[PDB]
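Here the structure comes first, spelled out in structure tokens, and everything after it is commentary.
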Amino acid sequence: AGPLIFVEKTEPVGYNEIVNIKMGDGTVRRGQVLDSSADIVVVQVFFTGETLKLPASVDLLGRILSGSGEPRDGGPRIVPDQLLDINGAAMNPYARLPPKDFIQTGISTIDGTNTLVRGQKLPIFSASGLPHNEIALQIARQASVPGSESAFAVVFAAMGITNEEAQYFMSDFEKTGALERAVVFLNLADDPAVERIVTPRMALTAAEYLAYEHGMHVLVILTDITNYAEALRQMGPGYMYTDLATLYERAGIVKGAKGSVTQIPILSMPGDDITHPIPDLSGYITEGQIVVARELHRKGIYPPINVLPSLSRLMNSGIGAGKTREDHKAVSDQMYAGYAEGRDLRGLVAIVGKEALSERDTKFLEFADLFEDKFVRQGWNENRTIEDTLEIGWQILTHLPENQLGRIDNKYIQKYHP
Amino acid sequence: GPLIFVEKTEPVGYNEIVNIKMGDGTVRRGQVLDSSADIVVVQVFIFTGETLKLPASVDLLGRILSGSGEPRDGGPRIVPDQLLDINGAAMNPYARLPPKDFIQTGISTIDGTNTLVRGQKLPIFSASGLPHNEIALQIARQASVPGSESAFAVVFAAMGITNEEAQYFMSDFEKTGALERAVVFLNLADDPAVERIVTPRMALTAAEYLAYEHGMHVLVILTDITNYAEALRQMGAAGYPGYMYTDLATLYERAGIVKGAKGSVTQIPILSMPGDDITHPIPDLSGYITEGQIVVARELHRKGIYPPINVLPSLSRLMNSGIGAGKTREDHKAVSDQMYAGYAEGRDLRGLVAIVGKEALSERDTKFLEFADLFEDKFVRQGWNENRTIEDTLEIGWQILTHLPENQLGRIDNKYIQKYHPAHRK
Ligand SMILES: Nc1ncnc2c1ncn2[C@@H]1O[C@H](COP(=O)(O)OP(=O)(O)OP(=O)(O)O)[C@@H](O)[C@H]1O
Ligand SMILES: NCCc1ccc(S(=O)(=O)F)cc1
Numbered sequence: 012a013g014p015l016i017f018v019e020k021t022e023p024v025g026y027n028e029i030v031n032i033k034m035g036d037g038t039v040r041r042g043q044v045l046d047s048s049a050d051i052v053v054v055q056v057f071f072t073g074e075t076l077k078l079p080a081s082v083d084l085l086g087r088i089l090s091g092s093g094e095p096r097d098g099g100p101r102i103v104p105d106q107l108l109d110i111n112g113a114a115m116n117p118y119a120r121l122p123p124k125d126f127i128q129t130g131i132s133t134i135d136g137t138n139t140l141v142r143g144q145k146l147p148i149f150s151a152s153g154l155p156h157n158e159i160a161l162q163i164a165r166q167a168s169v170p171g172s173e174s175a176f177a178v179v180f181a182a183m184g185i186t187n188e189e190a191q192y193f194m195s196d197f198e199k200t201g202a203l204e205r206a207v208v209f210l211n212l213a214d215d216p217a218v219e220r221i222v223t224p225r226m227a228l229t230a231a232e233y234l235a236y237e238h239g240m241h242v243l244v245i246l247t248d249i250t251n252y253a254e255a256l257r258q259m260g273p274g275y276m277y278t279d280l281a282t283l284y285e286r287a288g289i290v291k292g293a294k295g296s297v298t299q300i301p302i303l304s305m306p307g308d309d310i311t312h313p314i315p316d317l318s319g320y321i322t323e324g325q326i327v328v329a330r331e332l333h334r335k336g337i338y339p340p341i342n343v344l345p346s347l348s349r350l351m352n353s354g355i356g357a358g359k360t361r362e363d364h365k366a367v368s369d370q371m372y373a374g375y376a377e378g379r380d381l382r383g384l385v386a387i388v389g390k391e392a393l394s395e396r397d398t399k400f401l402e403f404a405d406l407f408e409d410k411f412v413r414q415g416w417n418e419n420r421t422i423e424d425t426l427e428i429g430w431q432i433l434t435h436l437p438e439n440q441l442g443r444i445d446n447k448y449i450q451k452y453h454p
Numbered sequence: 013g014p015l016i017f018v019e020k021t022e023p024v025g026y027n028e029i030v031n032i033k034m035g036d037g038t039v040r041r042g043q044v045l046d047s048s049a050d051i052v053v054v055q056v057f070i071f072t073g074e075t076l077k078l079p080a081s082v083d084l085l086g087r088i089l090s091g092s093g094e095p096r097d098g099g100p101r102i103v104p105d106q107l108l109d110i111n112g113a114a115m116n117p118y119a120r121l122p123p124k125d126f127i128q129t130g131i132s133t134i135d136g137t138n139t140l141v142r143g144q145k146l147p148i149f150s151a152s153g154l155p156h157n158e159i160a161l162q163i164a165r166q167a168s169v170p171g172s173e174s175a176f177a178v179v180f181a182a183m184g185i186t187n188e189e190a191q192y193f194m195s196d197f198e199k200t201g202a203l204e205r206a207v208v209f210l211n212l213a214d215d216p217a218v219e220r221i222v223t224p225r226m227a228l229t230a231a232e233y234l235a236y237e238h239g240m241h242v243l244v245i246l247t248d249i250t251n252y253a254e255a256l257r258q259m260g261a262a271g272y273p274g275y276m277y278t279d280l281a282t283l284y285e286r287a288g289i290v291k292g293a294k295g296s297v298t299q300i301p302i303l304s305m306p307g308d309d310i311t312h313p314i315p316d317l318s319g320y321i322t323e324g325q326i327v328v329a330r331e332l333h334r335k336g337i338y339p340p341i342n343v344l345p346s347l348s349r350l351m352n353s354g355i356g357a358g359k360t361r362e363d364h365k366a367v368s369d370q371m372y373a374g375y376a377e378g379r380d381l382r383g384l385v386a387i388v389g390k391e392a393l394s395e396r397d398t399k400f401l402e403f404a405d406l407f408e409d410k411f412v413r414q415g416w417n418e419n420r421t422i423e424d425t426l427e428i429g430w431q432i433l434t435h436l437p438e439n440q441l442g443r444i445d446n447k448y449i450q451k452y453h454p455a456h457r458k
């Protein structure tokens with residue numbers, strides 16, 4: 012009791028009913044139904073049928089499908105090279121290797137201060153009426169892996185999204201050209217609830233197939249886990277948080293260092309919380325988070341990512357010499373601690389006055405303006421290469437006095453400072 | 013415009029212009045936004073007024089008050105050696121020095137894994153109906169600075185609480201004994217909203233007074249800052273304001289080590305996400321989270337574990353500053369890393385078990401799964417009134433790492449293993 016397996020609907024079935032399943036390999040399972048849809052059935056292990077399966081092929085990239093893997097782009101049915109199982113119990117393709125290499129997001133708030141690393145669970149922490157989806161959109165079309173031998177793919181999964189802003193994605197993905205490396209799953213709010221739950225399992229497995237059996241680094245974007253939750257919320273329990281676990285388990289470097297599975301799940305605070313109680317998704321926050329701040333949003337900054345509450349637990353693995361540029365951490369640390377103080381001094385100005393501040397504190401204050409204005413703010417079609425990211429850093433690091441530059445080495449300064 | 017709290021000496025009207033004498037004597041302009049019975053809120057852009077003053081004295085510590093410094097414990101008025109500005113424009117007593125030494129909070133999930141350092145701003149991220157208020161009380165009772173020659177004190181601050189909770193706090197703080205080190209500021213939801221927003225200013229001005237002028241390490245606790253936002257929101261006839277984010281900055285400025293190093297002001301604000309959202313939108317309190325945050329998770333509450341602090345989301349940025357070798361204990365960091373990873377792994381394997389069954393698991397994988405179970409049970413779970421010393425905290429960490437095999441213990445130096453692992457420890 013506890014787990015779930017998603018099975019093909021061969022016959023109409025009831026509730027709490029004894030039935031059989033023909034697994035991906037074989038191991039026959041004793042289970043009971045929980046809920047049903049039109050083609051999919053959920054069964055808790057501990071008539072005769074078989075698991076719902078994903079048509080795994082390199083022909084998945086370039087095509088758009090629904091949560092159950094049904095086509096949406098008007099095109100044909102996906103021709104399956106293999107017939108893999110949804111819940112990632114097929115190969116067990118992950119290694120006992122720590123996430124190491126670097127992935128470029130294009131956004132400097134991430135790439136600079138909270139670097140994303142090949143195989144990481146870096147969620148975006150957000151709320152309603154915030155541009156999180158449009159950040160995820162920007163990642164999908166701008167993401168790449170500078171240097172790596174392996175091809176790069178993106179798996180974009182949407183859950184509980186409305187028609188009007190479903191066409192948003194459909195248009196964006198095609199009119200950018202970044203479809204030819206991206207498998208896109210869409211799940212409508214109007215779509216069956218059981219189809220929502222299976223969506224990320226279809227998304228992750230598609231990436232697992234690609235990363236392992238075609239040795240490529242794959243980045244998965246799950247837009248709003250909260251919406252995944254509200255479908256599970258309504259499903260009718274002692275699986276509440278362990279189900280979440282089965283989703284954040286599927287992250288890291290695959291067997292044979294060539295490929296990778298990386299995640300950016302969006303977690304956002306709901307429209308209503310009392311009538312629809314939202315679980316703490318804190319289980320997903322283990323390798324850091326990317327905080328989106330309403331404060332930066334209200335002063336007209338995109339992307340409104342507050343770097344301070346944000347971090348990447350594995351950044352130090354994917355930065356510096358060879359991976360990026362050796363002065364990466366040197367700049368990051370300085371930019372962080374720099375912006376950190378300038379921001380706190382913004383309180384000190386309100387207390388004592390603009391004309392009562394130290395000249396030291398004023399150049400720190402103004403730095404916080406510059407960081408938000410010139411570094412944090414980038415266009416929606418601005419794909420800042422890691423060099424620029426670091427360079428824009430240096431440009432604003434010139435404003436604060438040199439003898440106040442935190443802990444950097446002279447060699448890092450004298451060479452890379454204008 | 014930024015709001016300044018003014019001593020009511022004269023009747024005032026809305027939008028009227030005033031000239032406030034400062035803590036030193038630099039007269040400044042502004043206009044009236046709102047007022048209480050005896051306090052006036054003024055935004056800086070003929071009448072001259074004085075700033076609100078705190079009845080500052082060593083003679084505090086023991087008495088409970090209102091957010092205006094008005095006695096609640098039936099005792100006398102506070103006899104002030106000096107009445108200094110509450111807006112912080114009295115001293116600026118903070119030094120250009122990074123928070124260093126350690127604070128014994130008594131809780132493992134904080135002390136061990138997310139160590140609290142003197143002068144830090146480490147919030148407790150919570151939600152509706154979580155034990156956050158209980159954690160605060162436990163910290164207040166237990167907190168200490170071992171070894172440190174500076175006298176330790178705790179300043180407690182309540183915003184928009186209820187009478188039930190007011191009796192919960194007052195009663196505890198008295199009988200537990202932690203009052204002869206505590207200045208308690210209590211403000212309940214029926215005390216004018218004007219006094220609610222002044223409450224943290226008072227608490228911080230008391231903290232600033234003790235730390236600087238009396239060589240003190242002071243710990244400030246602001247309970248539920250989402251209620252403070254609620255008072256900011258519903259302010260005057262003149271969705272959240274513009275000065276809202278800027279106003280919080282006047283609070284999270286006031287923390288750190290005092291001039292001359294002989295004292296500090298440490299900050300534990302409570303940030304709890306509310307019930308509704310279309311009514312009461314959630315504020316961007318991310319202005320506070322800069323030096324880490326402590327996360328209390330429902331998952332652990334629902335399983336019946338106090339304190340329900342999840343260490344994986346939790347963090348302290350400046351932990352390294354007050355930990356190990358005559359600070360806590362040399363091994364400390366080598367234990368934290370190994371516990372964190374061992375819990376992170378286990379936590380993951382609670383999923384893999386639901387994918388391929390309990391039996392269909394690896395030998396090593398089963399051990400980390402069981403570790404993740406022991407972590408919550410014996411390292412996370414601690415009594416409401418047990419003050420675990422760092423030595424205890426870490427030795428518990430050793431009694432838990434024994435369950436894991438030695439060849440898997442990697443985030444730790446071997447010179448630490450042969451010295452401290454119960455199977456070796458000669
Ligand atoms: N001279 C300095 N060089 C580099 N970093 C410094 C210096 N002085 C302070 N800092 C940084 O500032 C932080 C001090 O924390 P504290 O909360 O006391 O100040 P703050 O609120 O960041 O800034 P302020 O008090 O000026 O508004 C430390 O994390 C430290 O790294
Ligand atoms: N709504 C109460 C606001 C208020 C309260 C008191 C005054 S005063 O006349 O006493 F100065 C003025 C305005």
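Going line by line, the protein sequences match chains A and B.
Here the first sequence stands for residues 12 to 57, 71 to 260, 273 to 454, where the numbers follow PDB author numbering.
Here the second sequence stands for residues 13 to 57, 70 to 262, 271 to 458, where the numbers follow PDB author numbering.
For each residue, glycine too, the CB sits at the ideal point set by N, CA and C.
- Here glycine 295/B has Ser174, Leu234, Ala235, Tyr236, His238, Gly239, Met240, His241, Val242, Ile289 as same chain residues with Cβ atoms under 8 Å from its own Cβ, once five neighbours each way along the sequence are excluded.
- According to DSSP, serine 296/B shares a beta bridge with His241/B, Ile289/B.
- In the displayed model, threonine 186/A falls within coil according to three-state DSSP, outside both helix and strand.
- Those residues whose C-beta sits under 5 Å from the nearest heavy atom of ligand 1 are, from N- to C-terminal order along the chain, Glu377/A, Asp380/A, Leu381/A, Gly442/A, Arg120/B, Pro122/B, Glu285/B, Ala287/B, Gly288/B.
- Using a cutoff of 6 Å, the CB of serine 47/B counts as near ligand 2, since one of the ligand's heavy atoms is closer than that.
- Counting only residues of its own chain and dropping the five nearest sequence neighbours on each side, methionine 115/A has a CB closer than 7 Å to the CB of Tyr236.
- By the criterion of at least three beta-carbon pairs nearer than 8 Å, the segment 431-451 of chain B is not in contact with the segment 413-422 of chain B.
- When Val82/A, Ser81/A, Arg101/A are compared, the shortest CA-CA separation from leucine 89/A is found for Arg101/A.
- Around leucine 384/A, the beta-carbon contacts reaching into chain B at under 9 Å are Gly112, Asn116, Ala281, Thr282, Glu285.
- Taking C-beta atoms under 8 Å as the contact rule, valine 244/B and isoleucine 321/B fail to qualify, at a distance of about 16 Å.
- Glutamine 370/A sits buried, since 16 or more C-beta atoms from the chains shown fall within 10 Å of its C-beta.
- The beta carbons of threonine 186/A and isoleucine 341/A sit no closer together than 7 Å.
- Taking a beta-carbon distance threshold of 7 Å, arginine 41/A does not count as an interface residue toward chain B.
- Residue pairing by DSSP puts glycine 73/B in a beta bridge opposite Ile32/B.
- Among the CB atoms of chain A, one or more fall inside 7 Å of the CB of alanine 329/B.
- Listed along chain A are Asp316, each with a C-beta nearer than 8 Å to that of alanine 151/B.
- If you draw a straight line from the Cα of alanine 376/A to the Cα of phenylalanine 400/A, it comes to about 9 Å.
- For the pair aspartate 316/B and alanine 329/A, the CB atoms are nearer than the 7 Å cut-off.
- Comparing alpha-carbon positions, the option among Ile148/A, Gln55/A, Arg142/A lying closest to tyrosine 275/A turns out to be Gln55/A.
- Three or more beta-carbon pairs separated by less than 8 Å link the segment 133-144 of chain B to the segment 352-365 of chain B, which places the two stretches in contact.
- With contacts defined by Cβ atoms closer than 7 Å, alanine 253/B and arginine 382/A do not form a contacting pair.
- Chain order gives the chain B residues near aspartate 380/A as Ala281, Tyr284, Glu285, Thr322, where near means a beta carbon separation below 8 Å.
- Not one heavy atom of ligand 2 is found less than 6 Å from the C-beta of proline 147/A.
- A Cβ of chain A is located within less than 7 Å of the beta carbon of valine 388/B.
- The three-state secondary structure of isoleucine 432/A, taken from DSSP, is helix.
- Under the three-state reduction of DSSP, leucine 140/B is assigned to strand.
- In chain order, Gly374, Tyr375, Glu377, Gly378, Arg379, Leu381, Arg382 place their CB closer than 8 Å to the CB of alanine 404/B, counting only its own chain and leaving out the 5 sequence neighbours on each side.
- Judged by DSSP secondary structure, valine 367/B falls outside any beta strand (DSSP E) and instead within the alpha helix (DSSP H) spanning 364-388.
- In terms of Cα proximity to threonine 311/A, the closest of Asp46/A, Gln258/A, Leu332/A is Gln258/A.
- Ligand 2 approaches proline 23/B closely enough that one of its heavy atoms is under 6 Å from the residue's Cβ.
- Under the DSSP definition of a beta bridge, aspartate 46/A partners with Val53/A.
- Contacts between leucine 344/A and chain B, judged by CB atoms closer than 8 Å, involve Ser318, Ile321, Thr322 in chain order.
- For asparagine 342/B, the beta-bridge partners assigned by DSSP are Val327/B.
- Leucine 84/A is a Cβ neighbour of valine 207/A, given a cutoff of 7 Å.
- Selection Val141/A, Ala182/A, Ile131/A evaluated against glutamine 166/A yields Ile131/A as nearest (Cα-Cα).
- Under the DSSP definition of a beta bridge, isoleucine 16/A partners with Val54/A.
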